[PDB]
Amino acid sequence: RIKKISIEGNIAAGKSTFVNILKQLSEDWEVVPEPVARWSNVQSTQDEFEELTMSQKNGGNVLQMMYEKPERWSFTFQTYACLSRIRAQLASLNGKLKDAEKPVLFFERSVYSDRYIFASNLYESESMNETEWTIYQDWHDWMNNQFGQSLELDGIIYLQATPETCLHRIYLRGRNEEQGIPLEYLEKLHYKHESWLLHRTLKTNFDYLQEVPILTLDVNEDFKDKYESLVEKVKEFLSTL
Amino acid sequence: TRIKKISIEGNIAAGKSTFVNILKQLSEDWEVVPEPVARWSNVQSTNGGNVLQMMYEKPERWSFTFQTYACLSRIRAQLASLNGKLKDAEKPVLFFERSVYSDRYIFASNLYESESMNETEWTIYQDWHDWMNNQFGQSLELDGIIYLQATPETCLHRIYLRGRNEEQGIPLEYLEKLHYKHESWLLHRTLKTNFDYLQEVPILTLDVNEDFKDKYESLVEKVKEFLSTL
Ligand SMILES: Nc1ncnc2c1ncn2[C@@H]1O[C@H](COP(=O)(O)OP(=O)(O)O)[C@@H](O)[C@H]1O
Ligand SMILES: Nc1ncnc2c1ncn2[C@@H]1O[C@H](COP(=O)(O)OP(=O)(O)O)[C@@H](O)[C@H]1O
Ligand SMILES: Cc1cn([C@H]2C[C@H](O)[C@@H](CO)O2)c(=O)nc1N
Ligand SMILES: Cc1cn([C@H]2C[C@H](O)[C@@H](CO)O2)c(=O)nc1N
């Protein structure tokens, strides 16, 4: 019964900012954030006895390892990115909004952006070879088939910001791992988003996506400047779902 | 599922595919899930890369990728076989050529120990494994284990007999390391896992060091009867 809406857009477009403010408008609205923290500090579960005397230690930073050496670390990062996402998304689908009249769960990105934007771009850039790309897609396909329609989207909200805006916002936010990202990299990700969500020319292995409704919102302005009209557009869009 | 799931464990070229292929023929109630080794030497969706070779040749670069794919393809194969085969059989048994537990606590673990995977790769692999099995752990849980015991020297010889190109450079001491993990898991039972049910699972240990021209009859009957106790 929970409607599932993906917020899509480039790095530092303003997705987290927008959606976590937006969700306050209704007790029936919740967000699943992207597990970026879990990527910059890699941890696995402690044993039940061990956790009582041993601290959960800071782990490696796979996000940073990927940015430093994408040709070595991209496949590892993308596999983990998508696994951590699915785990978090399924749990919120299963455990939240059990008392909502019109429950909406907003996902910060989707398994589709993992594959068709980010990993695809890494492949195109030869940061993943043929074997890695085949394995990744094989895995991604298998996992999607395993769930029925459970993660399937009801709608996508595309926050469209220029590569230049995103580059500035990466600096504003100050994530250490992202400070070396050049404009050329953001432009590549921009183009993939435009093909997928705006021009709608991008073909995926998931045919329902060809027909999922998409709301495109320009987020280039300062947050106060367009927020009202954005909220109005979002609410009108949800009414149609 | 009411399908009995039995894992066949043992070192490289101990004789597991050979044994399970013999076993299979005893009843129409018995099926096998082989390791999809062909998918590992020829990477393809559903002539590609040989990720088995890439791992053996460059294990600090390729071990994690290989271990992830191997386990993923096993879970895929094992689940398919449950979903479709036997079910409606009298006393269904499914024999697995290895398990998700040997993937992790034998193969991947040895790679981490040998520094072929770093801390980050090992932590990611364990997180991946815990989760992948939290969904599919229940449906794949083992009823029994058959441990096919062969010396590292026997295994090295059989690697030669079989002639898989990728394996011809594996040294005796690599086989020794895998042997020690098997014995610790299945004989000494000193290897502890994240899966508490396993400590309860009965194990039939079979010595397969001898030429099969010899004592194979006893072994097979001895399985037929182990399964009666389950
Ligand atoms: N419309 C906006 N105007 C000014 N700053 C913004 C706007 N939207 C987001 N930000 C800021 O830009 C940075 C990136 O936003 P964030 O929501 O973290 O992006 P994303 O979730 O898409 O990666 C943050 O520092 C946030 O303060
Ligand atoms: N008991 C045995 N005696 C003689 N040869 C054997 C015996 N078991 C296996 N072999 C041979 O050894 C090789 C490895 O056996 P295989 O069943 O493929 O091993 P695994 O599946 O354990 O890797 C094959 O060439 C096989 O014909
Ligand atoms: C989903 C996702 C995100 N990122 C990066 C972009 C940001 O630097 C950080 C947070 O989204 O992770 C990535 O490389 N690949 C992905 N599949
Ligand atoms: C399951 C499994 C197998 N192998 C190797 C041993 C053999 O060379 C080949 C076929 O089992 O793959 C491996 O390195 N890691 C695994 N998790």
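Observations on the structure shown:
- Shielding score for B:123-135, defined as the mean number of other chain Cβ atoms within 10 Å: 5
- Near the amide H of B:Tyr147, within less than 5 Å, lie the amide hydrogens of B:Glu9, B:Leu204, B:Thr205, B:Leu206, all on another chain or at least 5 residues away, with H placed in the peptide plane.
- For chain A, the percent of C-alpha pairs falling in each 5 Å distance bin, counted from 0 to the bin holding the largest distance, reads 1, 6, 13, 17, 20, 18, 13, 8, 4, 1, 0.
- Alpha-carbon Debye profile of the protein assembly as shown, log10 I(q)/I(0) at 0.08, 0.13, 0.14 Å⁻¹: -0.56, -1.23, -1.37
- Theoretical FRET efficiency, 1/(1+(r/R0)^6), r = Cβ-Cβ of A:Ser150 and B:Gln25, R0 45 Å, to 0.05: 0.65
- Relative exposure of A:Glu228, A:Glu30, judged by other C-beta atoms within 10 Å (fewest first): A:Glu228, A:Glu30
- Computed over chain A: relative contact order in percent, which uses C-alpha pairs under 8 Å that are six or more apart: 30
- Once backbone amide H atoms are built at 1.01 Å from N, A:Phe106 has A:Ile5, A:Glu30, A:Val31, A:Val32 as its partners under 5 Å, excluding neighbours fewer than 5 places away on the same chain.
- For segment A:52-160, the normalised intensity computed at q = 0.16 Å⁻¹ comes to -0.86 (log10 of I(q)/I(0), Debye sum over alpha carbons, equal scatterers, no solvent).
- Comparing Cα centroids, segment A:1-29 and segment B:60-94 end up 37 angstrom apart.
- 3J(HN,Hα) couplings calculated from phi for segment B:87-99 with the Karplus curve 6.51 cos²θ - 1.76 cosθ + 1.60 (θ = phi - 60°) are, in sequence order, 3, 4, 7, 4, 10, x, 10, 10, 8, 9, 6, 6, 9 Hz; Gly and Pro show x.
- The string of couplings for segment B:105-117 from the Karplus curve (6.51, -1.76, 1.60, θ = phi - 60°) is 8, 9, 6, 5, 4, 4, 5, 5, 4, 8, 6, 7, 10 Hz, one whole number per residue in order, with x for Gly and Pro.
- Per-residue Cβ neighbour counts within 10 Å put B:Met55, B:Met132 in the sequence B:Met132, B:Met55, beginning with the fewest.
- Segment B:205-224 and segment A:147-215 have Cα centres separated by 59 Å.
- Couplings 3J(HN,Hα) of segment B:147-161, computed from phi: 9, 8, 9, 9, 5, x, 4, 4, 4, 5, 3, 5, 4, 4, 3 Hz, in residue order, whole Hz [Karplus 6.51 cos²θ - 1.76 cosθ + 1.60, θ = phi - 60°; x for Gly and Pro].
- Take each residue of peptide B:65-72, count the partner chain Cβ atoms within 10 Å of its Cβ, and average: the result is 4.
- Electrostatic bookkeeping for A:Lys203 treats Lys and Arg as +1 and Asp and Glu as -1; over the other residues with beta carbon under 13 Å from its beta carbon, the sum is +2.
- Distance-filtered residues of segment B:144-164 - backbone nitrogen under 13 Å, label point 7 angstrom along B:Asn209 Cα→Cβ: B:149-155
- Counting neighbouring beta carbons within 10 Å and listing from fewest to most, the residues A:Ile170, A:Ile157 come out as A:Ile170, A:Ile157.
- Chymotrypsin sites (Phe, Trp or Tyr not before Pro) within segment A:47-137, DSSP loop, no more than 15 other Cβ atoms inside 10 Å: A:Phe49
- In this structure, the amide hydrogen of A:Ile214, modeled 1.01 Å from its nitrogen in the peptide plane, lies closer than 5 angstrom to those of A:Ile156, counting only residues at least 5 positions away or on a different chain.
- Once both labels are positioned 7 Å from their Cα atoms along Cα-to-Cβ, the gap between B:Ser114 and A:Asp225 label points is 5.9 nm.
None of the figures in this text is laboratory data; all of them are computed from the coordinates on show. Ideal geometry is used to build each Cβ from the backbone, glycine not excepted, and the neighbour counts take in all protein chains shown.
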